[PDB]
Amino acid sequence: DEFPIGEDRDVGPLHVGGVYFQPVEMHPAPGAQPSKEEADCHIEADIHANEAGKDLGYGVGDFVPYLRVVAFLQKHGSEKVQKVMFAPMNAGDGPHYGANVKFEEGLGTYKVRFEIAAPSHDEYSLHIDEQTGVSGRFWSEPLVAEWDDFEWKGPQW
C-alpha cells in the first residue's frame, strides 16, 4: 500500500508524483538517511517525462534519470525546515528518487516541497546538431513540485 503525498504535478518537462509508505531497507544504504528501523517512512518522487518531454529527447512516460532531487519539509506552525536529499534507486516497481525519512518535528500538517535540478553539466549531455539532436535545453533553476497540506499522522501500516 502506497499513500499519496498529494496530486501529481506537471512542471516543465516533468510529470512528478509523490508517495510515502513504510520505511524500506536499501543497499547500499544511501547518504545519511535513517535505517529501516530508525525511519518513520519511505518517501518517493516518481518523475517521468511529459509531452514537453519530447523536446529534450525523452519518450513520454520515460523515467528521467540523473536528476538531483531534494525535499523540504516544514510543519505548519513551525519555522524549522528539514531538508531530505533523495537518491536514485529501484523498488520492485522500477527506478525512482527516494529516501527513508524521520519527521523531525513529529506529527502534524506539513508543507512538502520537491526541488528538482537538471543533471550536472559533467553528468549528462544532449546531441544539439540539426541532423541528430534535440531542440530543448535543461532548465537552470530547480523545478518545484509542492504540496502544502500533507498530513503526517503516524504509520498507516
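If you superpose the two forms and keep the largest set of C-alpha atoms that fall within 1.5 Å, you have the rigid core. Don't overthink the numbering: it's just position in the shown sequence, from 1.
Check: Taking RMS over all structures and residues, which stretch has CA atoms farther from the shown form in 5 other deposited structures of this protein, 125-133 or 61-69, after a rigid core fit?
Finding: Larger mean C-alpha displacement, comparing 125-133 and 61-69 in 5 other deposited structures of this protein, is found in 125-133.
Check: Once you work out the mean C-alpha B-factor for both 38-46 and 117-125 from the entry, which is higher?
Finding: According to the entry, 117-125 carries the higher average C-alpha B-factor.
Margin query: If you average the CA temperature factors as listed in the entry, which stretch comes out higher, 108-116 or 50-58?
Written below: Higher of the two, by average CA B-factor, is 50-58.
Checklist line | Out of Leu67, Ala29, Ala91, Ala99, residue topping the C-alpha B-factor column of the entry | finding: The record points to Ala29.
Next item on the list: Report the third (lowest, middle or highest) to which the CA temperature factor of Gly133 belongs, ranking only the modelled residues of the same chain.
Entry: Highest third.
Item checked: CA B-factor placement of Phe150, once the chain's modelled residues are sorted into thirds -> Its C-alpha B-factor belongs to the middle third of this chain's values.
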